[PDB]
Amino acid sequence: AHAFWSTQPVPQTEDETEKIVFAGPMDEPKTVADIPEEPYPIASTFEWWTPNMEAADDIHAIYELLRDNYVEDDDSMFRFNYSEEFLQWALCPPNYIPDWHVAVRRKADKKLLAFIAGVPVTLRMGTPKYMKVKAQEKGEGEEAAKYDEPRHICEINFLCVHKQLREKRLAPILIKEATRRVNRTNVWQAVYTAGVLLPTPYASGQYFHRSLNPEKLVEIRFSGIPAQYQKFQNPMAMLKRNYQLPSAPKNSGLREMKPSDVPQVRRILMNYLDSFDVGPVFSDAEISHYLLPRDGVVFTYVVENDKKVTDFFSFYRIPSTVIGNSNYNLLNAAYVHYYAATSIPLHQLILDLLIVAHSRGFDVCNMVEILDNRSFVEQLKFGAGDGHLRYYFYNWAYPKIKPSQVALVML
């Protein structure tokens, strides 16, 4: 059923995954010495290319490939339009490996045809808490705890094959070449997400959306006017009333994050993330990179209420091309990122996220039900969407867990 994925070190069925109790590798160990030096074979009219993601014209090439060929919804109404500044941010975190940015281009004219990117991440991915409880009942705590140390692994994103080269088995070649380059750096696990079902997720979370500009969202068919709003004399007026927000944040001491906040944000964030079964571990430099504000890309606010920072939230921006509607060019979406609340209820913290996003002209706020995102869905008028983000590991056996046990935000 899966001519490529049946050859890979991933659990092959939900039934296999349901049987996994402890975290650990799928493969017996390999060595860097075992891995081919030479890039994976490709047709001789193509070549491998490692873009320099600190070079504006190489970023622009990838930007255009993804603008025209990256993820669409199933109804080909919207297509992500990640910006050039977003790609630089996403692809170049501290200690990133340039060789893990993998492209295919035509040899003759250097046209970019396909892309996949890996970045390093330090992830806790040991056996989940409940399975450790049972393991300790049975005298198996040691085996269950064996892989508890945060691991330096690869996070994969931005897999894209030009629309004219689809269904030619080029994505398996991309994946094999990325695997080779990662393996050559002595890393043997990856984490990735997808909206499609592949063998085999360890978690799956529904999408959620919070309308900020419902008139536009209805016009572009992101949203509809539900049937119950039809029993109003003015359905759209009542939809705008449902979703209206303050212009000014409510929390005293809210302000944008600055570099001197990095140590305190790291502390409260890590204290929080550490309570989840799967979660990243961030250095000061990584907190700085992934959370300090960057115009048009990432937006991060702290609560510093006559006291050291006690709370913070972040969101990032991905516009989507409105490919199915001529009246608008872009859908300006905010995505809930990391946050931590120690002094105020989480719903009060995230209400200010929505207030700030609306004031900055975002049309919708999106998230997946990871972290404690379910805890403010109803009060803040998030609605469940039509899809799921599935979380996967490469070469890591892992029990099925709930999405509320996942603390890794993907970009």
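The term rigid core refers to the most C-alpha atoms you can superpose between the two forms while keeping them within 1.5 Å. Residues carry their position along the shown sequence, with the first being 1.
Enquirer: Core-superposed in 9 other deposited structures of this protein, which stretch deviates more in Cα positions, 192-200 or 69-77?
Expert: The more displaced stretch in 9 other deposited structures of this protein turns out to be 69-77.
Enquirer: Of the stretches 23-31 and 57-65, which sits farther from where it is here in 9 other deposited structures of this protein, on average over its Cα atoms, after fitting the core?
Expert: Higher root mean square deviation of C-alphas in 9 other deposited structures of this protein is shown by 23-31.
Enquirer: Looking only at CA atoms, which has the higher mean B factor in the entry: 167-175 or 257-265?
Expert: Mean B over CA atoms: larger for 167-175.
Enquirer: Out of 135-143 and 311-319, which one has CA B-factors that are higher on average in the deposited record?
Expert: In the deposited entry, the stretch with the higher C-alpha B-factor mean is 135-143.
Enquirer: Quiz for you: based on the deposited Cα B-factor, which of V364, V356, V32, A56 is highest?
Expert: Top of the list by C-alpha B-factor: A56.
Enquirer: Just the C-alpha B-factor column, please: which of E72, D109, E84, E155 has the biggest number?
Expert: Of the options given, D109 has the highest CA B-factor in the PDB entry.
Enquirer: Of the three thirds of its chain by CA temperature factor, lowest, middle or highest, which one includes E286?
Expert: It falls in the bottom third of the chain.
Enquirer: Ranked by Cα temperature factor within the chain, is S275 in the lowest third, the middle third or the highest third?
Expert: CA B-factor rank for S275: highest third.
Enquirer: Going by the entry, which third of its chain does the Cα temperature factor of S247 land in?
Expert: Highest third.
Enquirer: Quick check for you: using the entry's CA B-factors within this chain, is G224 in the lowest, middle or highest third?
Expert: It falls in the top third of the chain.
Enquirer: Please place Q230 in the lowest, middle or highest third of its chain by C-alpha B factor as given in the entry.
Expert: Highest third of the chain for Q230's C-alpha B-factor.
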